[PDB]
Amino acid sequence: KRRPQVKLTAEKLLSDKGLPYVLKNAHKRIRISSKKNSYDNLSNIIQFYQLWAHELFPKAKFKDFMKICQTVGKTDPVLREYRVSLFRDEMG
Amino acid sequence: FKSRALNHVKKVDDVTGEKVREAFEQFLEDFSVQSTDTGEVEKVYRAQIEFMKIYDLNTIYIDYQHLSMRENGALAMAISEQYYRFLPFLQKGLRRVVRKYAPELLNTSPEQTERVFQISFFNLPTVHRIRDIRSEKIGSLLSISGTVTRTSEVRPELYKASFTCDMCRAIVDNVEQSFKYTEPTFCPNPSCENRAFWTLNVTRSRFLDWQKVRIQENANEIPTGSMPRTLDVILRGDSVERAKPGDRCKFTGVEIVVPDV
Amino acid sequence: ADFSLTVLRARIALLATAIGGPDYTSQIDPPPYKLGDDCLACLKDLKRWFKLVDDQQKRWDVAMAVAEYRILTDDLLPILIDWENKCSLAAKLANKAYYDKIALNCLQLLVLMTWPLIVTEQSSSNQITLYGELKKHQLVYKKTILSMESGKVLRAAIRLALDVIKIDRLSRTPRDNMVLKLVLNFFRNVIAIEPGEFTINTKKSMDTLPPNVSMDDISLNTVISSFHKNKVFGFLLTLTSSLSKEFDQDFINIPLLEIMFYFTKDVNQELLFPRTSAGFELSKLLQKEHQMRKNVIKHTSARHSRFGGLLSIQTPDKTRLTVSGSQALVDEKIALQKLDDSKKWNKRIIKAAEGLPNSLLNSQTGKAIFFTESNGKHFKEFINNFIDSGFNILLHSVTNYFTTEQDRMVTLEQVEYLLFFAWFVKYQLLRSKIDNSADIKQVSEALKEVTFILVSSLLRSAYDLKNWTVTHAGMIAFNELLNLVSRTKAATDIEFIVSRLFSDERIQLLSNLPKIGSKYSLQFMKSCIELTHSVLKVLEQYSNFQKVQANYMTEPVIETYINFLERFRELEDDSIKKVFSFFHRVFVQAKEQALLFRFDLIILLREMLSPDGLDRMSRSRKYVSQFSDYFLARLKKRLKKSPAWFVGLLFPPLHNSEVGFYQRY
Amino acid sequence: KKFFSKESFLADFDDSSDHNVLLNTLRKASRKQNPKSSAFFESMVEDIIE
Amino acid sequence: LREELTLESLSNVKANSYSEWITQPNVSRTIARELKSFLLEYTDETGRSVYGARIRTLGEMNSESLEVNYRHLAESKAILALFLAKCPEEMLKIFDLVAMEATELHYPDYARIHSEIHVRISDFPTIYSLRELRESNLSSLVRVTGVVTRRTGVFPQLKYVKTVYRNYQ
DNA sequence: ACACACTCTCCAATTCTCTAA
Ligand SMILES: [Zn+2]
């Protein structure tokens with residue numbers, strides 16, 4: 001056979017390298033200010049998400065990363081279990 | 001069969017070109033200078049078109065001063081700085097006016113092919129030396145002077161081409177050349193796939209007259225301790241064989257860039 | 001066989017000379033043509049070659065033969081024009097029947113050869129083979145017919161009509177009425193022939209104007225000039241306006257619909273109203289060109305392309321990247337963008353309409369067609385007199401036909417009706433917006449109850465069977481009716497009509513419609529948006545409302561709005577005003593903030609708001625920056641109150657009962 | 001309001017109100033222009049006679 | 001196929017170009033009949049048919065080239081002269097195939113002496129130097145004068161692409 | 001034999017459609 005293709009998958013997201021890093025650091029990473037423009041602060045938010053997306057899975061263009069995430073995010077039950085777990089933690 | 005239309009084909013269009021086209025149209029209509037002797041509108045460019053009709057000519061001469069004073073000069077600026085972009089639109093503008101006032105000129109018995117009009121300009125503001133040609137001015141409108149040193153014989157240049165397939169009875173028409181001899185990409189009949197063995201139909205295709213000439217700097221203009229530079233110039237249409245070796249001439253046109261074919 | 005084929009071609013060629021010829025005694029250099037004999041049989045047999053053979057075998061070979069021997073251009077036009085000019089001189093003074101017989105039968109062939117072309121999966125392989133070439137020859141036909149003596153054959157065709165206008169309807173035999181159908185059937189073709197559409201067999205993934213044809217020969221501009229000089233517009237105007245008085249409506253009023261479609265098609269109404277001028281706007285456009293040039297310059301390095309050094313960028317966790325070029329040294333935004341731009345893949349992509357001629361339904365209409373001044377004023381005069389004279393009487397007849405015949409319809413007649421309605425209603429609204437001499441009463445037949453039912457029924461039936469092109473046109477027609485209603489309410493029965501228009505069933509349909517738009521072409525989504533704006537604005541001025549607005553707000557509508565909004569480089573200034581009006585409605589008024597916290601919106605606002613996209617001084621930036629400020633304020637508040645939304649922002653919202661309620665609020 | 005009636009239109013419809021040398025030479029000549037072949041056969045038969 | 005045109009019917013070029021009109025079978029047959037009728041019939045003022053007298057001497061010298069004066073061809077059947085000036089490469093093929101019929105009328109079995117005859121045109125009524133030639137002259141017949149500067153040796157050349165050759169220089 | 005240009009083929013990745021809980 002030819003070599004099988006490599007893809008983004010929920011296992012990467014649920015890995016310790018994955019989504020927990022964002023929740024462990026996002027409060028410290030991003031910072032808005034009224035003292036800078038909308039365009040300024042708006043640009044700032046995307047920095048962290050871009051660098052994190054590269055570190056996670058360098059295949060593809062940033063937009064493609066988001067739009068790929070939509071499919072697995074809506075379909076996989078284990079990922080959804082993790083997400084309802086987050087919002088239960090806030091219900092705790 | 002899996003027949004399919006190019007549903008998506010609707011093209012992108014340059015608004016500046018269409019506006020320049022139908023502004024140059026109005027200039028040709030109504031430049032409306034008064035008579036040399038009296039305060040009466042004469043409309044010289046319409047008269048020049050009528051003159052061309054009388055003698056079956058193919059070229060029209062325009063004065064850059066007349067264009068400079070038109071519509072606060074913006075039209076003259078667009079023509080001056082971006083001649084290579086706007087030359088087809090100027091041709092389209094003139095074709096309509098000649099149709100309107102002298103449709104006998106549109107053709108060159110069986111059917112008669114269309115006349116390839118030539119626009120010409122003169123009395124530009126300043127003349128450059130061969131030593132002043134610099135790559136920042138590529139594609140602009142200029143005028144140059146020097147002494148002729150060589151001329152080539154007149155040769156036919158392929159302008160528009162037409163081909164027919166060997167493996168099936170099919171024809172391709174109005175193929176566009178630019179700098180190298182160029183041929184079709186597919187057999188248009190889907191019953192055949194042969195790309196080879198095209199032949200150029202010399203009757204249906206169209207040619208132009210072409211001549212190469214070579215010039216060098218005027219001796220009285222050479223700077224201190226230096227020697228004269230040279231340049232190659234292209235002549236086409238009704239201006240071939242006008243130049244003579246050893247004479248002094250003034251030229252106008254656009255400078256271009258030619259590849260390694 | 002090939003020899004049988006050429007035998008028929010030769011038979012035709014001999015018939016192409018038995019017809020007659022000009023006179024070489026004449027010493028008149030040249031004279032006109034001169035007439036043969038058996039020529040009745042010649043014309044009749046040619047008619048048989050079309051009907052009895054080519055139609056029965058489904059070929060178009062016979063048409064190829066007559067095009068080879070140039071019959072139309074060479075004989076038919078001078079036979080007709082000589083008949084016309086002879087009878088004209090006789091009328092100036094103020095067997096002959098046989099001459100008139102020849103005039104009739106030449107015209108009927110002109111209709112046949114210029115008849116427009118249709119291709120399907122049931123057309124013969126012969127026709128499919130010949131489609132592309134006969135297109136070229138019909139283009140030649142259009143140019144020629146408009147050219148001869150500045151178009152004088154068109155006076156022959158209307159003189160034929162004038163014979164049958166002449167004497168009372170009470171006398172007029174069925175054979176007689178066919179002439180009055182035939183003449184109008186001719187002008188439809190002459191307007192309908194236009195430059196070809198390229199088509200190929202999809203076996204492998206890898207212009208059609210002939211050498212004697214050009215655009216100015218073929219443009220709609222030309223056709224206006226040609227009809228005006230040759231006295232057509234008076235005929236269409238007189239004939240349509242006295243239509244109610246006992247001309248048998250049945251024979252005329254569909255052909256006479258198709259004309260009005262076939263040259264309203266490809267005009268934007270604003271081009272007919274102005275709202276040195278050409279030179280002034282050209283200079284302004286050159287300023288815009290300079291701004292684009294400035295944008296390129298701001299991304300251009302000072303020193304040359306081989307001077308360039310090398311750059312390294314270090315992340316958190318001490319890992320390093322490499323990028324080249326001299327601007328990357330100073331601009332991190334550019335370095336970040338340039339870094340991702342190298343990467344190869346793009347996800348491959350998905351794609352609604354076929355079978356009918358180019359129109360508003362499947363082309364970008366931000367592209368005018370161009371008029372002489374005399375043409376502009378003559379066209380304005382023709383349709384203005386049409387509207388003030390003919391429109392109500394035409395619509396009343398054609399609509400009370402179609403209610404009795406809806407089941408039998410074909411896709412084209414549906415798309416004609418819906419794009420004749422739309423054009424004329426909009427143009428009148430615009431004209432009276434401009435000036436007080438105009439009035440809205442002129443188009444007022446559209447509102448009465450029968451037509452409202454019919455536009456509704458077309459939209460209904462088209463939607464259910466998933467026919468998306470009729471659904472698209474019906475969307476355009478139903479938009480205008482609502483627009484006209486809001487006009488008239490800004491001045492009795494109209495409220496009754498509203499209440500019936502906004503029964504619950506229709507709200508289900510009109511709510512449903514933007515949701516499916518996400519898949520389809522850029523026009524479809526734009527129709528959905530403009531209809532939605534109108535639909536909500538009427539019900540705002542009804543005063544029910546809270547039920548209806550909550551019906552609209554959900555994920556699959558928002559998806560469509562963003563998917564449309566990101567192609568803003570192609571769209572108008574006005575449409576973006578409409579989109580942000582809707583986001584103001586979702587975000588501020590309804591207070592359903594949770595829909596828009598989704599990442600591909602946040603990307604979009606950077607692109608569009610950057611020095612990249614929307615101009616620094618267009619009115620759009622006022623709205624956009626005023627929106628984003630408020631957006632990010634509310635987002636700040638939400639994120640600090642509940643940090644889980646950092647992982648929320650990537651994904652759709654979560655539809656579980658127990659956690660989802662707190663999630664959304 | 002307009003009307004554009006029939007009877008007006010019928011009434012108004014009618015009342016309203018160098019190879020350049022050689023080519024011409026040959027065209028005009030073309031427009032202007034067994035016993036006949038006996039001279040040929042006579043030249044053939046003179047070989048028999050002489 | 002069977003029917004033929006009149007000479008007056010050829011006054012109107014009916015196709016989109018000259019070459020595509022000459023090459024049609026009925027037109028070509030008409031031209032062939034007319035050329036043969038000219039060659040068998042043209043006379044001096046004294047009668048004394050010149051071409052019957054030239055074909056006679058063609059065999060007397062065992063020759064291969066028949067010579068035709070252009071003025072004679074322009075003096076009657078003028079349209080054929082016009083077509084010859086416009087499309088020589090077609091017209092001369094038809095004219096050669098007529099000349100063989102005319103020569104075999106004098107000398108049957110001349111095909112055993114030479115298989116094919118060439119018509120030579122003389123006294124073409126317009127002249128250019130090597131200055132005045134332009135792209136419009138392409139594929140037209142021309143008449144030119146000058147000095148012969150250089151000459152190659154004679155070689156054989158393959159005639160058809162069993163084999164046949166011809167001389168070349 | 002050593003880089004290239006071009007052709008051919010198979011296989012699995014992807015999206016679309018139907019069914020039942
Ligand atoms: Zn082919």
# chains A, B, ... in the order shown; residues from 1 in each chain; ligands from 1
$ interface_residues --of "chain C" --to "chain A" --cutoff "10 Å" --atoms "only C-alpha atoms" --output "PyMOL selection string"
chain C and resi 315-316+319+333+336-337+339-347+599-600+602-603+605-607+609-611+625-633+636+639-640+642-648+650-656+658-660+662-663
$ interface_residues --of "chain F" --to "chain A" --cutoff "12 Å" --atoms "only C-alpha atoms (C1' of nucleotides)" --output "count of residues only"
4
$ residues_near_ligand --ligand "ligand 1" --cutoff "9 Å" --atoms "only C-alpha atoms (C1' of nucleotides) and all ligand atoms" --output "MDAnalysis selection string"
chainID B and resid 164:171 186:196
$ closest_atom_pairs --of "chain F" --to "chain C" --cutoff "12 Å" --atoms "only C-alpha atoms (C1' of nucleotides)" --output "JSON lines"
{"residue": "F:13", "atom": "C1'", "partner": "C:348", "partner_atom": "CA", "distance": 11.4}
{"residue": "F:14", "atom": "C1'", "partner": "C:348", "partner_atom": "CA", "distance": 9.2}
{"residue": "F:15", "atom": "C1'", "partner": "C:350", "partner_atom": "CA", "distance": 8.8}
{"residue": "F:16", "atom": "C1'", "partner": "C:350", "partner_atom": "CA", "distance": 11.1}
$ write_last_selection --atoms "N, CA and C atoms (P, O5', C5', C4', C3', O3' and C1' of nucleotides)" --output "PDB file, in the first residue's frame"
ATOM      1  P    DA F  13      -7.748   7.255   3.580  1.00  0.00           P
ATOM      2  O5'  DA F  13      -8.060   8.815   3.732  1.00  0.00           O
ATOM      3  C5'  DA F  13      -7.471   9.756   2.832  1.00  0.00           C
ATOM      4  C4'  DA F  13      -8.526  10.632   2.161  1.00  0.00           C
ATOM      5  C3'  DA F  13      -9.623  11.170   3.088  1.00  0.00           C
ATOM      6  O3'  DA F  13      -9.474  12.573   3.265  1.00  0.00           O
ATOM      7  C1'  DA F  13     -10.521  10.361   0.999  1.00  0.00           C
ATOM      8  P    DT F  14     -10.333  13.344   4.380  1.00  0.00           P
ATOM      9  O5'  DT F  14     -11.672  13.738   3.606  1.00  0.00           O
ATOM     10  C5'  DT F  14     -11.612  14.639   2.505  1.00  0.00           C
ATOM     11  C4'  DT F  14     -12.874  14.562   1.669  1.00  0.00           C
ATOM     12  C3'  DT F  14     -14.168  14.776   2.443  1.00  0.00           C
ATOM     13  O3'  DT F  14     -14.557  16.136   2.420  1.00  0.00           O
ATOM     14  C1'  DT F  14     -14.357  13.064   0.751  1.00  0.00           C
ATOM     15  P    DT F  15     -15.884  16.607   3.196  1.00  0.00           P
ATOM     16  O5'  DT F  15     -17.057  16.352   2.155  1.00  0.00           O
ATOM     17  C5'  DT F  15     -17.011  16.939   0.868  1.00  0.00           C
ATOM     18  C4'  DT F  15     -18.218  16.507   0.082  1.00  0.00           C
ATOM     19  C3'  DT F  15     -19.546  16.890   0.726  1.00  0.00           C
ATOM     20  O3'  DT F  15     -20.454  17.294  -0.285  1.00  0.00           O
ATOM     21  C1'  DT F  15     -19.435  14.540   0.497  1.00  0.00           C
ATOM     22  P    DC F  16     -21.947  17.757   0.071  1.00  0.00           P
ATOM     23  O5'  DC F  16     -22.824  16.516  -0.408  1.00  0.00           O
ATOM     24  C5'  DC F  16     -22.822  16.135  -1.777  1.00  0.00           C
ATOM     25  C4'  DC F  16     -23.703  14.928  -1.985  1.00  0.00           C
ATOM     26  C3'  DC F  16     -25.133  15.100  -1.471  1.00  0.00           C
ATOM     27  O3'  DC F  16     -26.055  14.656  -2.464  1.00  0.00           O
ATOM     28  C1'  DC F  16     -24.143  13.166  -0.514  1.00  0.00           C
TER      29       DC F  16
END
$ atom_distance --atom1 "atom CA of residue C:498" --atom2 "atom CA of residue C:586"
25.1 Å
$ residues_around --residues "stretch 157-161 of chain C" --least-positions-apart "5" --cutoff "8 Å" --atoms "only C-alpha atoms (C1' of nucleotides)" --output "list in words"
residues 104, 107, 179, 180, 183, 232 and 235 of chain C
$ write_last_selection --atoms "C-alpha atoms" --output "PDB file, in the first residue's frame"
ATOM      1  CA  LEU C 104     -45.395  36.334 -47.415  1.00  0.00           C
ATOM      2  CA  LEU C 107     -40.734  36.229 -44.570  1.00  0.00           C
ATOM      3  CA  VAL C 179     -49.987  36.941 -39.895  1.00  0.00           C
ATOM      4  CA  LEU C 180     -50.399  39.122 -36.822  1.00  0.00           C
ATOM      5  CA  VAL C 183     -44.827  39.440 -37.527  1.00  0.00           C
ATOM      6  CA  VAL C 232     -40.999  49.776 -35.121  1.00  0.00           C
ATOM      7  CA  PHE C 235     -46.087  49.707 -34.000  1.00  0.00           C
TER       8      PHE C 235
END
$ closest_atom_pairs --of "chain E" --to "chain C" --cutoff "9 Å" --atoms "only C-alpha atoms" --output "JSON lines"
{"residue": "E:1", "atom": "CA", "partner": "C:10", "partner_atom": "CA", "distance": 8.0}
{"residue": "E:8", "atom": "CA", "partner": "C:24", "partner_atom": "CA", "distance": 8.7}
{"residue": "E:14", "atom": "CA", "partner": "C:69", "partner_atom": "CA", "distance": 7.9}
{"residue": "E:15", "atom": "CA", "partner": "C:69", "partner_atom": "CA", "distance": 8.0}
$ write_last_selection --atoms "C-alpha atoms" --output "short mmCIF file (atom, residue, chain, number, x, y, z; two decimals), in the first residue's frame"
data_model
loop_
_atom_site.label_atom_id
_atom_site.label_comp_id
_atom_site.auth_asym_id
_atom_site.auth_seq_id
_atom_site.Cartn_x
_atom_site.Cartn_y
_atom_site.Cartn_z
CA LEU E 1 -22.23 17.32 -60.68
CA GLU E 8 -21.96 35.23 -66.90
CA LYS E 14 -20.46 33.47 -54.38
CA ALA E 15 -18.12 31.97 -51.74
#
$ select_by_dssp --residues "chain E" --states "strand (DSSP E)" --output "ChimeraX atom specification"
/E:65-69,118-122,155-158,165-168
$ write_last_selection --atoms "N, CA, C and O atoms" --output "compact mmCIF listing (two decimals), in the first residue's frame"
# COMPACT_ATOMS: atom_id res chain seq x y z
N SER E 65 7.20 22.64 -72.34
CA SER E 65 6.61 23.90 -71.88
C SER E 65 5.83 24.57 -73.01
O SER E 65 6.41 24.92 -74.04
N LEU E 66 4.52 24.78 -72.80
CA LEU E 66 3.70 25.59 -73.70
C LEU E 66 3.68 27.03 -73.19
O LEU E 66 3.58 27.25 -71.98
N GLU E 67 3.78 28.00 -74.10
CA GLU E 67 3.86 29.41 -73.73
C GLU E 67 2.60 30.16 -74.14
O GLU E 67 2.19 30.12 -75.30
N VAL E 68 2.00 30.88 -73.17
CA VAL E 68 0.75 31.61 -73.35
C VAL E 68 0.98 33.08 -73.03
O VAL E 68 1.55 33.41 -71.97
N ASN E 69 0.54 33.96 -73.92
CA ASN E 69 0.64 35.40 -73.70
C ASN E 69 -0.55 35.89 -72.88
O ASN E 69 -1.70 35.53 -73.16
N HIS E 118 3.74 22.06 -68.79
CA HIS E 118 3.71 23.28 -67.97
C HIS E 118 3.38 24.48 -68.84
O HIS E 118 4.01 24.69 -69.88
N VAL E 119 2.40 25.29 -68.41
CA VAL E 119 2.06 26.54 -69.09
C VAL E 119 2.95 27.65 -68.54
O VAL E 119 3.04 27.85 -67.33
N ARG E 120 3.59 28.40 -69.45
CA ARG E 120 4.43 29.55 -69.12
C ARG E 120 3.69 30.83 -69.48
O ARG E 120 3.27 30.99 -70.63
N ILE E 121 3.55 31.75 -68.51
CA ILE E 121 2.86 33.02 -68.75
C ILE E 121 3.88 34.08 -69.17
O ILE E 121 5.01 34.12 -68.65
N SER E 122 3.48 34.93 -70.11
CA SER E 122 4.32 35.98 -70.67
C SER E 122 3.56 37.30 -70.74
O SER E 122 2.33 37.31 -70.86
N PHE E 155 20.49 19.85 -58.74
CA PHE E 155 20.29 18.64 -57.94
C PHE E 155 18.94 18.02 -58.29
O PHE E 155 18.03 18.72 -58.75
N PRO E 156 18.76 16.71 -58.06
CA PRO E 156 17.41 16.13 -58.12
C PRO E 156 16.68 16.31 -56.80
O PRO E 156 17.30 16.43 -55.74
N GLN E 157 15.35 16.33 -56.88
CA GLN E 157 14.49 16.51 -55.71
C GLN E 157 13.31 15.55 -55.81
O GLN E 157 12.77 15.34 -56.89
N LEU E 158 12.90 15.00 -54.66
CA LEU E 158 11.79 14.05 -54.62
C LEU E 158 10.47 14.75 -54.93
O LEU E 158 10.11 15.74 -54.27
N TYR E 165 11.32 11.91 -59.42
CA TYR E 165 12.18 13.05 -59.13
C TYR E 165 12.02 14.16 -60.17
O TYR E 165 11.44 13.97 -61.24
N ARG E 166 12.55 15.34 -59.83
CA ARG E 166 12.59 16.50 -60.73
C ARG E 166 13.86 17.29 -60.44
O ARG E 166 14.45 17.17 -59.36
N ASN E 167 14.27 18.13 -61.39
CA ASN E 167 15.48 18.95 -61.21
C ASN E 167 15.17 20.18 -60.36
O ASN E 167 14.05 20.68 -60.34
N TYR E 168 16.20 20.68 -59.66
CA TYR E 168 16.06 21.80 -58.73
C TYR E 168 17.33 22.65 -58.74
O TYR E 168 18.43 22.14 -58.93
$ select_by_dssp --residues "stretch 9-104 of chain B" --states "alpha helix (DSSP H)" --output "PyMOL selection string"
chain B and resi 15-30+44-55+64-68+74-81+83-101
$ atom_distance --atom1 "atom CA of residue B:100" --atom2 "atom CA of residue C:369"
18.7 Å
$ residues_around --residues "residue C:483" --least-positions-apart "6" --cutoff "12 Å" --atoms "only C-alpha atoms (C1' of nucleotides)" --output "ChimeraX atom specification"
/C:422,425-426,428-430,446-447,476-477,489-490,498,530-538
$ write_last_selection --atoms "N, CA and C atoms" --output "short mmCIF file (atom, residue, chain, number, x, y, z; two decimals), in the first residue's frame"
data_model
loop_
_atom_site.label_atom_id
_atom_site.label_comp_id
_atom_site.auth_asym_id
_atom_site.auth_seq_id
_atom_site.Cartn_x
_atom_site.Cartn_y
_atom_site.Cartn_z
N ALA C 422 -41.14 42.32 -12.30
CA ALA C 422 -40.13 42.91 -11.42
C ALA C 422 -39.58 44.20 -12.00
N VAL C 425 -42.24 47.26 -12.27
CA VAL C 425 -42.62 47.82 -10.97
C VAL C 425 -41.48 48.62 -10.37
N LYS C 426 -40.26 48.08 -10.41
CA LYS C 426 -39.13 48.78 -9.81
C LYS C 426 -38.85 50.09 -10.51
N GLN C 428 -40.82 52.04 -12.23
CA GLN C 428 -41.78 53.09 -11.90
C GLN C 428 -41.53 53.64 -10.50
N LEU C 429 -41.27 52.77 -9.51
CA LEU C 429 -41.01 53.30 -8.17
C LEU C 429 -39.85 54.26 -8.20
N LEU C 430 -38.81 53.91 -8.93
CA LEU C 430 -37.67 54.79 -9.00
C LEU C 430 -38.04 56.10 -9.69
N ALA C 446 -50.61 45.54 -10.56
CA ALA C 446 -49.89 44.43 -9.94
C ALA C 446 -50.54 43.98 -8.64
N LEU C 447 -51.08 44.92 -7.86
CA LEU C 447 -51.57 44.59 -6.52
C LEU C 447 -52.87 43.81 -6.46
N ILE C 476 -37.44 37.12 -6.62
CA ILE C 476 -37.27 38.51 -7.08
C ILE C 476 -38.62 39.20 -7.27
N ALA C 477 -39.61 38.49 -7.80
CA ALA C 477 -40.92 39.12 -8.01
C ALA C 477 -41.60 39.43 -6.68
N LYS C 489 -48.68 52.02 1.52
CA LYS C 489 -49.09 52.26 2.90
C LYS C 489 -48.58 53.60 3.42
N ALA C 490 -47.51 54.13 2.83
CA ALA C 490 -46.97 55.44 3.19
C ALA C 490 -47.76 56.60 2.58
N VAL C 498 -52.21 42.59 2.85
CA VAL C 498 -51.10 42.27 3.76
C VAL C 498 -51.47 41.10 4.66
N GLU C 530 -32.04 40.65 0.63
CA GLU C 530 -32.86 41.83 0.36
C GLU C 530 -34.33 41.55 0.65
N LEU C 531 -34.81 40.35 0.31
CA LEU C 531 -36.17 39.96 0.66
C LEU C 531 -36.37 39.98 2.18
N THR C 532 -35.39 39.47 2.94
CA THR C 532 -35.54 39.44 4.40
C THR C 532 -35.65 40.84 4.98
N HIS C 533 -34.79 41.75 4.51
CA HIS C 533 -34.82 43.14 4.97
C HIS C 533 -36.22 43.73 4.78
N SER C 534 -36.76 43.58 3.57
CA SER C 534 -38.10 44.10 3.30
C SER C 534 -39.16 43.42 4.17
N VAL C 535 -39.07 42.09 4.31
CA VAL C 535 -40.11 41.32 4.98
C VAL C 535 -40.22 41.73 6.44
N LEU C 536 -39.08 41.88 7.11
CA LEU C 536 -39.13 42.33 8.50
C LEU C 536 -39.56 43.79 8.60
N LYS C 537 -39.15 44.65 7.65
CA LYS C 537 -39.46 46.07 7.82
C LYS C 537 -40.96 46.34 7.70
N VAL C 538 -41.65 45.60 6.82
CA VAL C 538 -43.10 45.78 6.74
C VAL C 538 -43.73 45.43 8.08
#
$ residues_around --residues "residue D:40" --least-positions-apart "6" --cutoff "8 Å" --atoms "only C-alpha atoms (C1' of nucleotides)" --output "list in words"
residues 40, 41, 48, 49, 51, 52 and 53 of chain E
$ write_last_selection --atoms "N, CA, C and O atoms" --output "tab-separated table (two decimals), in the first residue's frame"
chain	number	residue	atom	x	y	z
E	40	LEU	N	-8.47	26.46	-78.33
E	40	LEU	CA	-8.80	25.90	-79.64
E	40	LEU	C	-9.30	26.93	-80.65
E	40	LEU	O	-9.53	26.56	-81.81
E	41	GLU	N	-9.47	28.20	-80.25
E	41	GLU	CA	-10.27	29.14	-81.04
E	41	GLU	C	-9.63	30.52	-81.25
E	41	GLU	O	-10.02	31.19	-82.21
E	48	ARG	N	-5.41	32.15	-88.74
E	48	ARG	CA	-4.05	31.67	-88.48
E	48	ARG	C	-3.81	31.43	-86.99
E	48	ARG	O	-2.99	32.10	-86.35
E	49	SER	N	-4.58	30.49	-86.44
E	49	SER	CA	-4.66	30.29	-84.99
E	49	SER	C	-3.30	30.02	-84.37
E	49	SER	O	-2.65	29.01	-84.68
E	51	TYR	N	-2.17	29.31	-81.29
E	51	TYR	CA	-1.91	28.23	-80.34
E	51	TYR	C	-1.95	26.86	-81.01
E	51	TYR	O	-1.20	25.95	-80.63
E	52	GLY	N	-2.78	26.70	-82.04
E	52	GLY	CA	-2.67	25.53	-82.89
E	52	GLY	C	-1.33	25.45	-83.60
E	52	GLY	O	-0.87	24.35	-83.94
E	53	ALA	N	-0.70	26.60	-83.85
E	53	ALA	CA	0.61	26.64	-84.47
E	53	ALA	C	1.75	26.46	-83.46
E	53	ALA	O	2.86	26.10	-83.85
$ interface_residues --of "chain D" --to "chain B" --cutoff "12 Å" --atoms "only C-alpha atoms" --output "VMD selection string"
chain D and resid 20 23 to 24 27
$ write_last_selection --atoms "N, CA, C and O atoms" --output "PDB file, in the first residue's frame"
ATOM      1  N   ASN D  20      -5.832  48.937 -59.141  1.00  0.00           N
ATOM      2  CA  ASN D  20      -7.078  49.700 -59.124  1.00  0.00           C
ATOM      3  C   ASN D  20      -7.563  49.985 -60.542  1.00  0.00           C
ATOM      4  O   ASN D  20      -8.769  49.959 -60.814  1.00  0.00           O
ATOM      5  N   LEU D  23      -8.436  46.256 -62.302  1.00  0.00           N
ATOM      6  CA  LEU D  23      -9.685  45.652 -61.847  1.00  0.00           C
ATOM      7  C   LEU D  23     -10.879  46.267 -62.563  1.00  0.00           C
ATOM      8  O   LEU D  23     -11.763  45.550 -63.044  1.00  0.00           O
ATOM      9  N   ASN D  24     -10.936  47.601 -62.609  1.00  0.00           N
ATOM     10  CA  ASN D  24     -12.016  48.279 -63.317  1.00  0.00           C
ATOM     11  C   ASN D  24     -12.017  47.897 -64.791  1.00  0.00           C
ATOM     12  O   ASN D  24     -13.078  47.621 -65.375  1.00  0.00           O
ATOM     13  N   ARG D  27     -13.252  44.168 -65.108  1.00  0.00           N
ATOM     14  CA  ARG D  27     -14.674  44.051 -64.796  1.00  0.00           C
ATOM     15  C   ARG D  27     -15.531  44.601 -65.933  1.00  0.00           C
ATOM     16  O   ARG D  27     -16.502  43.961 -66.360  1.00  0.00           O
TER      17      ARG D  27
END
